[PDB]
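> Have a look at this fold, sequence not included:
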């Protein structure tokens, strides 16, 4: 039964239905460390890099221009996509002494609420501990 | 059965089919430490040296001109080929106080993705540990 | 006889035991000592307080045979530093402790962190605190001289200040996003977490 | 012989034990070392006296798999 | 008498390798070099260490005043075919002189600038006070003892002088080739 | 061997025990 | 009188779209 | 006032192809 539940959870995670994609991204700076694609699904932002490119470090830029760390996960079949756990108007990409700025030109302040506790709208996170 | 699997893996590694080769390489500098041949297969870069030549040290050159270490493996029947695990537009070769620059004149930023986890497109790396 | 003490003790032999060559077990599931792991520094590093660093691998790391990707790119490495710098030092010792693969593989490499070209320790811009070390003495001396001049125009504290603040260790600043290497100090074995299988042709 | 004291003690080997790779158990219920938690400082901090600080997370913290909000 | 001189590398053999890492002796660390040439047996008939073999070593302790060479111990060599032997041998220069040496930073300013600056400001203040019509020793005593730092560039040639007998009897064997 | 005293003591691991949520 | 240098600020002149083509992960 | 010397930079004048002949490892 628990294997059935786990299979249902994996299927719900994979199905990925009802997702809107934002592709309005600009970049300025050192184009040699640039991604080949950037987009977001309303919850996470994805930067895709080519096979021959080094994976850089990506930073969160606030309104005043200060950089801060943001958590990332590496996804994709060949680990070529960096997924950051935030949607932000401006991003900073650094590798060594080269910098590149990424601008979200269709930034939605509202976003979509996370009512389920998971990255998918098809899985609840439920309180097992009770107590 | 496991001997059969190992034989299949070795055969798949050796078969080396569907590979494109880039031979557009230039060099400038101290030609006495130069390789006799340089090429890449889209994943690794190979420098071949003659029998009477000392094997030099090979360095990775970035856009700003800074050198950095790159892993290498020595291949070939007589250990005459240095294979570096990266494809890069510019390389630096140093032996003692002699330097030679190698230029990839057909650099492909995209490359070919590594979807299998191995150096060959005919072998998967699969997660044994489970957990 | 036991005489000739000095000459007899300079003639004591040094006998070093020989070594026998062995062979590595599986070179497809192995990363050996002296392998260079190229990673990009995530955190900004300031050596005032002991702390933990973090970097991500920029490239895939292959096996010693060069055929299997053992550490994927984007793997997260966690390390730490401590102890600060001493006068005349411009590099801090960083130990990288653990690496996490994006697919969930964890191995405890306790290895030294280096620069982009393998020089030991991380180095950046050094703040030597010149003013905090000499300003008290300079100010005390200048006010003493000014007071002496004013007293003359009617017609040691500096050593104490310097003795207390002369020994302030320097501080290292390293920017975020800088390239670093991890030089593997021990053999890493991946036999328990990976296996290879041939792909059916076409 | 036990001579050559200085040279023989600079030639003492340093043998470091190897390591074996393991695997994380459940990456949906896990936050691993080196994860960055971004929080906003509530209290004003003055280091005259030892004291306690307090901050609030500004963002959701996901699992290492990046699929479950754990904090 | 030596046992098998075809599977043997004896003490005093010179291994010529090229330095991979750049060496800076501020912190203790590990070095790495690759053999530039094949290493034969004492009989001179079998290649025991192939070229491109990777050697791993380490240094520690830093330099003292007046020293221009650091002691490096090479610990292990890995053959491209997978042979591993623990040679714990001293690293030398290209001509066998003990230790690795490069460019030396003696930190002249960090050692004497405090004293020079203190003395000059003292003299300037005295001059200004006169024109109306020891701290230097304390500064020098604290910063005089700063050990020098050695810098060695990457790609430099070095030797490993084998300090013990290396036996390869367990990993290699010889066979005659059928003629034609 | 027990040599390399300074480098071997700077390479001693720091292993911090994990925590479980209650 | 001396402060830690800042990391390089990218130039804001050559501003161009990141996506020349639609990613295939979007299934388009 | 003194800094560590850099390694020699190769001259960029005598730029010539590395491959005079096709390698045999390429089977050509």
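Nice, thanks for sending it over. Numbers count the residues shown, from 1 in each chain, chains lettered A, B, ... in the order given.
> what number of residues lie near residue 94?
Just so you know, I chose chain A. 26 (other C-beta atoms under 10 Å in any protein chain shown). The way it works is simple: take the backbone N, C-alpha and C, and place the C-beta from them, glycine included.
> Let me rephrase: I mean chain C.
Per other C-beta under 10 Å, the neighbour tally for residue C:94 reads 28.
> can you check the one 4 residues further on too?
Neighbourhood size, residue C:98 [other C-beta under 10 Å]: 19.
> List the beta-bridge partners for the closest residue in space to residue A:33 that isn't next to it in sequence.
In space, and not counting its chain neighbours, residue A:33 is closest to residue A:95: 4.6 Å by C-beta to C-beta, 6 or more residues apart in numbering or on different chains. Judged by DSSP bridges, the bridge partners of residue A:95 are residue A:98.
> what sits against residue A:95?
Residues near residue A:95 by C-beta atoms under 8 Å, 6 or more residues apart in numbering or on different chains: A:33, A:54, A:56, A:57, C:40, C:58, C:177, C:179.
> from those residues, which single one is nearest chain B?
For these, the minimum distance to chain B (C-beta to the nearest C-beta) is 6.4 Å, reached by residue C:179.
> for the contacts of residue A:95, which one is nearest residue C:193?
Using C-beta to C-beta, the shortest approach to residue C:193 within the contacts of residue A:95 belongs to residue C:58, at 22.0 Å.
> So which elements touch the strand or helix carrying residue C:146?
Residue C:146 belongs to helix C:130-152 when assigned by DSSP states H and E. If you count contacts as 3 or more C-beta pairs under 8 Å, 6 or more residues apart in numbering or on different chains; DSSP states H and E, helix C:130-152 packs onto helix C:157-165, helix E:108-130, helix E:135-143.
> Could you report the neighbour count for whichever residue of chain A sits closest to chain H?
Shortest chain A-to-chain H distance, computed as C-beta to the nearest C-beta: residue-wise this is residue A:97, at 16.5 Å. Neighbourhood size, residue A:97 [other C-beta under 10 Å]: 16.
> What separation is there between it and chain F?
Per C-beta to the nearest C-beta, to the nearest Å, residue A:97 is found 28 Å from chain F.
> got the residues of chain A near chain C?
For chain A, the residues in contact with chain C (C-beta under 8 Å from any C-beta of the partner chain) are A:54-57, A:59, A:67, A:69, A:72-75, A:79, A:82, A:94-97, A:99.
> same question, chain G
G:1, G:2, G:4, G:5, G:6, G:7.
> residues touching the residue lying closest to residue A:39 once chain neighbours are set aside, list them.
With sequence-adjacent residues excluded and distances taken as C-beta to C-beta, 6+ apart, residue A:39 is closest to residue A:23, at 5.0 Å. With contact taken as C-beta under 8 Å, 6+ apart, residue A:23 is in contact with A:38, A:39, G:19, G:22.
> Can you name the residue of chain G nearest to chain F?
residue G:4 (25.6 Å).
> Now for that residue, how many residues are close by?
15.
> Same question for residue C:86.
With other C-beta under 10 Å as criterion, residue C:86 counts 12.
> Quickly check: stretch C:63-73 near chain H or not.
No. No part of stretch C:63-73 sits near chain H under the criterion C-beta under 8 Å from any C-beta; the closest distance found is 14.9 Å.
> first vs last residue of that stretch, how far apart are they?
With C-alpha to C-alpha, to the nearest Å applied, stretch C:63-73 spans 14 Å between its terminal residues.
> near chain E at all, that stretch?
Yes. Residues of stretch C:63-73 are located near chain E by C-beta under 8 Å from any C-beta, namely residue C:64.
> I'd like the helices and strands packed on helix C:130-152 as CSV, with distance to residue A:5 appended.
What follows is those, written out as CSV (distance: least, C-beta to C-beta, whole Å):
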stretch, distance to residue A:5
helix C:157-165, 66
helix E:108-130, 66
helix E:135-143, 68
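> Phi, psi for residue A:2 please.
Main-chain torsions, residue A:2, degrees, to the nearest 10: phi -70, psi -30.
> Share the number of residues neighbouring it, please.
Residue A:2: 6 surrounding residues under other C-beta under 10 Å.
> about what we covered before: what comes up buried for the helix holding residue C:146?
Of all the residues in helix C:130-152, those buried under the rule 16 or more other C-beta atoms under 10 Å in any protein chain shown are C:133, C:134, C:136, C:137, C:138, C:140, C:141, C:142, C:144, C:145, C:148, C:149.
> Would you check which pair of these lies furthest apart?
Spanning the widest gap among the buried residues of helix C:130-152 are C:133 and C:149, at 26.2 Å by C-beta to C-beta.
> List the contacts of stretch C:22-30.
Stretch C:22-30 has contacts (C-beta under 8 Å, 6+ apart) with C:32, C:63-65, C:67-68, C:70, C:187-191, C:194, C:196, E:78, E:82-85, E:170-171.
> so which helix or strand takes in residue 12?
The chain I'm using is chain A. Residue A:12 is part of helix A:2-15 when elements are defined by DSSP H and E.
> nope, chain G
For residue G:12, there is no helix or strand it lies in under DSSP H and E.
> Spit out the contact partners of the residue of chain A closest to chain H.
B:64, B:66, C:178, G:7, G:8.
> hmm, which of these are the buried ones?
C:178, G:7.
> Tabulate the contacts of residue A:97 (a markdown table), appending secondary structure.
Converted to a markdown table, the contacts of residue A:97 look like this (DSSP: H, G, I helix; E, B strand; the rest coil):
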| residue | secondary structure |
| --- | --- |
| B:64 | coil |
| B:66 | coil |
| C:178 | coil |
| G:7 | coil |
| G:8 | coil |
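> Residue C:27 and residue C:96: what is the separation?
23 Å (C-beta to C-beta, to the nearest Å).
> on that earlier part again, and the contacts of residue A:23, which are buried?
Buried members of these, scored by 16+ other C-beta under 10 Å, are A:38, A:39, G:19.
> neighbouring contacts of the host helix or strand of the second one?
So the one you mean is residue A:39. Using DSSP H and E, residue A:39 maps to strand A:37-40. If you take C-beta under 8 Å, 6+ apart as the criterion, strand A:37-40 is touched by A:21-23, A:25, A:27, A:45-48, A:87, A:102, A:104, G:18-19, G:21, G:23, G:26.
> what about the spatially closest residue to residue C:123 that is not a sequence neighbour, neighbour count?
Leaving aside its sequence neighbours, residue C:123 sits nearest to residue C:91 (C-beta to C-beta, 6+ apart; 4.1 Å). By other C-beta under 10 Å, 23 other residues sit near residue C:91.
> mind listing what residue C:91 touches?
Contacts of residue C:91 (C-beta under 8 Å, 6+ apart): C:115, C:119, C:120, C:121, C:122, C:123, C:172, E:24, E:26, E:27.
> Distance of it relative to chain G?
Residue C:91 is 16 Å from chain G, by C-beta to the nearest C-beta.
> same deal with residue A:18?
Note on residue A:18: its distance to chain G, by C-beta to the nearest C-beta, is 14 Å.
> in chain G, what residue is nearest chain A?
residue G:10 (2.8 Å).
> show me the contacts for that residue.
With C-beta under 8 Å, 6+ apart, residue G:10 has these contacts: A:28, A:29, A:30, A:92, A:99, A:100, A:101.
> try 6 Å
Applying C-beta atoms under 6 Å, 6 or more residues apart in numbering or on different chains to residue G:10 gives the contacts A:28, A:29, A:99, A:100, A:101.
> tell me which element it falls in.
Judged by DSSP H and E, residue G:10 forms part of no helix or strand.
> coming back round to it: out of the helices and strands packed on helix C:130-152, which gets nearest to residue H:14?
Residue H:14 lies closest to helix E:108-130 among these, at 40.2 Å (C-beta to C-beta).
> partners of whatever residue of chain A ends up closest to chain D in the sheet?
The minimum distance from chain A to chain D, using C-beta to the nearest C-beta, falls at residue A:73 (3.8 Å). For residue A:73, the beta-bridge partners are residue A:83 (DSSP bridges).
> No more questions from me, cheers.
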